[PDB]
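Only one chain is given next, in structure tokens, and it is the form deposited without the ligand.
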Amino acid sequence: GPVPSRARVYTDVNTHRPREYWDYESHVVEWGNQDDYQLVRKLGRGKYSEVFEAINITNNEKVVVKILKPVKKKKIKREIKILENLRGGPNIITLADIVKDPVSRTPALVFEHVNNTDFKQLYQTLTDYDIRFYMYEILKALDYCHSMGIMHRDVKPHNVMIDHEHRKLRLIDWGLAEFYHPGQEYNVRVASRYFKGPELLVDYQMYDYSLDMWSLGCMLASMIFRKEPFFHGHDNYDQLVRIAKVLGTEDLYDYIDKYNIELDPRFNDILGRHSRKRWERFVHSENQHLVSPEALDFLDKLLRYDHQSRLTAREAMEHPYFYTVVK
């Protein structure tokens, strides 16, 4: 069977917590007043909810309302407890209220409003400096939630709200987030395809915070190379092959060999043999101004097969890539 794995940081944070902190199943929701909020515009619809721009008539503040669908239930308490545990943290979206929607008859989460601009349009205009600046801001959020014993598990541009005018950033949609418990096996059906870590793609369940750092790496690669997405799989199997065509197959086998993992035999015919590529390969006249030796070294230390070898969020904040960012 597979070799066990543990996070190299924040390993035991939850074990030293009162049960209440992580025992989300027992959490008692404190309900607010649904009539405080008036829905204004439907923004979108997720797999697990519909999202509205709304107004808090008890102060005329714009808010965001996520009305939860009859989900996996108990997943409701998980997201609520995590939001409450993380509230006030650096660049963590603020849960302002929890009300019972009268029509859906499900909980509706009320969030602070953020005047974001579509990541596509925004990732077209970011300067080198701005990439570094916002990466650092995302790292603050990630080190915070990791330090609080929580992994986000859905890091992607769609879940980073950026108000470019005021240069503020929020990490949102904690619906897939989980408490990290050493030795616990987790569902590998998390994150979005292009941002899935190798551990998910090879069905290794005993993963940790370092999943988020692979995802962050995928974001970084897409930004500095102007390639969206960087690893463009057609499905979850092709996703790993796309990764292997860059990181090489030898280090992939070293990885699965370390954890005594067996690849799905359907990879026999599609994986092939691939050398590790130098990152310079992806540099060209159109993205060169976004690339530096520091950027490439930083990316290289995020995008590692072995989840145990990736930079942690705090280590990432130490990297020379961020020396130019005003703190």
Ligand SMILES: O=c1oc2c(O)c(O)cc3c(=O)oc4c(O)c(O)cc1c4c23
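Numbering starts at 1 and follows the sequence shown. Only residues modelled in both forms are compared. We call the rigid core whatever largest set of C-alpha positions still superposes within 1.5 Å between the two forms.
Another form exists, solved in complex with the ligand; not displayed. Remarks below refer to it.
Contact here is defined as any heavy atom lying within 4.5 Å of the ligand in the bound PDB entry, and by that definition not a single one of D251, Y259 and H307 is a contact residue. Residue in contact with the ligand in the bound PDB entry (any heavy atom within 4.5 Å), chosen from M206, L247, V202, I93: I93.
Checked against the ligand in the bound PDB entry, the residues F179, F111, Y255, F230 give one hit for a heavy atom within 4.5 Å, which is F111. The ligand in the bound PDB entry is not approached by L302, whose heavy atoms all lie more than 4.5 angstroms from it. Residue contact check for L43: one or more of its heavy atoms lie within 4.5 Å of the ligand in the bound PDB entry.
In the bound PDB entry, the ligand stays beyond 4.5 Å of every heavy atom belonging to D143.
Among heavy atoms of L86, none comes within 4.5 Å of the ligand in the bound PDB entry. The partner is not shown here, but in the bound PDB entry the stretch 47 to 68 reaches within 4.5 angstroms of the ligand through a heavy atom at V51, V64, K66. Considering only residues present in both forms and aligning them on the rigid core, one finds runs of three or more residues with C-alpha shifts of 2 angstroms or more between the shown form and the other one at 44 to 48, 102 to 105.
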